[PDB]
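Scroll down for the structure; my scribbles are underneath it.
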Amino acid sequence: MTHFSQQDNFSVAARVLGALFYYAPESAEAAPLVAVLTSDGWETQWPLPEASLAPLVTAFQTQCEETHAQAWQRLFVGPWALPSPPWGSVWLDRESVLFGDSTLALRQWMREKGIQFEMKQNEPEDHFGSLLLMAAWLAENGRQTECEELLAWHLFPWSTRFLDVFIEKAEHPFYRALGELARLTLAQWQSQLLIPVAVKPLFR
Ligand SMILES: [Cl-]
Ligand SMILES: [Cl-]
Ligand SMILES: [Cl-]
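Residue numbering for the sequence shown follows the authors' numbering, starting at 1 and increasing by one per position.
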């Protein structure tokens with residue numbers, strides 16, 4: 001009878017994933033979490049079976065010529081095209097623009113729920129990382145229904161496709177393993193929804 005968002009380390013997992021997608025690995029926000037995932041022990045706390053996490057433990061700790069900072073810059077910043085853009089409207093808007101039609105639906109939904117959760121200046125609300133941070137924060141506030149709506153309606157319709165391509169093209173053991181951790185985790189949560197996941201055609 002307890003909602004999935006209020007148990008099994010939901011908000012901790014959502015925050016760790018959200019922060020590592022949204023913040024550079026050498027930042028104050030993400031560095032402590034890179035430390036955690038590159039250390040032994042995390043797999044015993046993560047809300048997924050240890051046997052499933054075993055290959056990810058090794059991968060997070062694989063040394064690599066390219067630094068975490070360089071990989072994150074390349075995957076999430078630039079200067080070149082991102083291998084798997086982390087904003088929903090790229091996948092959901094027929095034209096794949098930022099601040100697209102799905103981004104407005106998200107904004108309208110947040111306004112409707114009285115949600116104020118502001119992130120980077122000039123950036124859209126539908127970044128994968130900030131959606132997980134917002135959902136984590138909603139869960140911490142006990143707002144299980146809105147947490148579930150956010151996931152069902154504004155993240156899950158496109159997040160599987162984004163992670164598929166992200167994992168395929170990550171090209172760094174740490175971010176590949178991160179994508180895989182996120183894919184397993186989000187799929188677990190999706191299986192626990194009490195409302196139907198939204199279903200949308202994808203354009204990338
Ligand atoms: Cl490290
Ligand atoms: Cl629009
Ligand atoms: Cl509620």
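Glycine included, every Cβ here is placed at the ideal spot set by N, Cα and C.
Residue of the options minimising C-alpha distance to residue i
i: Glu168; options: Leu17, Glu149, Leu82, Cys64; result: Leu82
i: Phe174; options: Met1, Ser5, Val36, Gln7; result: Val36
i: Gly114; options: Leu138, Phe4, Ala152, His154; result: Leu138
i: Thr62; options: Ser84, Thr38, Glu43; result: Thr38
i: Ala24; options: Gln70, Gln7, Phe4; result: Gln70
i: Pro157; options: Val197, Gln144, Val165; result: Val197
i: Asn122; options: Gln144, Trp80, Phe99; result: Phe99
i: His68; options: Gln108, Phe21, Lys120; result: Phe21
Residue i versus residue j - alpha carbon distance
i: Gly41; j: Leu53; result: 11 Å
i: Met110; j: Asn141; result: 15 Å
i: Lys200; j: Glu180; result: 23 Å
i: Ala177; j: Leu75; result: 14 Å
i: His154; j: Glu112; result: 14 Å
i: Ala136; j: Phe10; result: 7 Å
i: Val77; j: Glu171; result: 15 Å
i: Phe117; j: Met134; result: 7 Å
i: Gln7; j: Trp46; result: 12 Å
i: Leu202; j: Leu163; result: 13 Å
i: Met1; j: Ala152; result: 19 Å
i: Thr160; j: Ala19; result: 18 Å
i: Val12; j: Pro79; result: 32 Å
i: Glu95; j: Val165; result: 18 Å
i: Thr44; j: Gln144; result: 25 Å
i: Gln192; j: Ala51; result: 21 Å
i: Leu33; j: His3; result: 26 Å
i: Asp93; j: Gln108; result: 16 Å
i: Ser5; j: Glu66; result: 36 Å
i: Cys64; j: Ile195; result: 42 Å
For residue j and residue i, believed in contact at Cβ under 8 Å, the rounded distance
i: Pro124; j: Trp87; result: 6 Å
i: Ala182; j: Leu17; result: 5 Å
i: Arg15; j: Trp91; result: About 23 Å separates the two Cβ atoms, so there is no contact after all.
i: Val97; j: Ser89; result: 6 Å
Across the segment 148 to 160 and the segment 24 to 33, are there enough close Cβ pairs to call them in contact, namely three or more that are closer than 8 Å?
With a cut-off of 8 Å, the segment 24 to 33 and the segment 148 to 160 do not count as touching, because too few Cβ pairs lie within range.
Given 8 Å as the limit, is there contact between the segment 52 to 61 and the segment 118 to 132, that is, 3 or more CB pairs closer than that?
No: the two stretches stay apart, fewer than three of their Cβ pairs being nearer than 8 Å.
Contact the segment 174 to 189 vs the segment 102 to 120: 3+ CB pairs below 8 Å:
Per the Cβ contact rule, the segment 174 to 189 is not in contact with the segment 102 to 120 (fewer than 3 Cβ pairs under 8 Å).
At 4 residues or longer, and completely inside the segment 119 to 147: list those alpha helix (DSSP H) runs for me, N to C.
The qualifying runs are 128 to 140.
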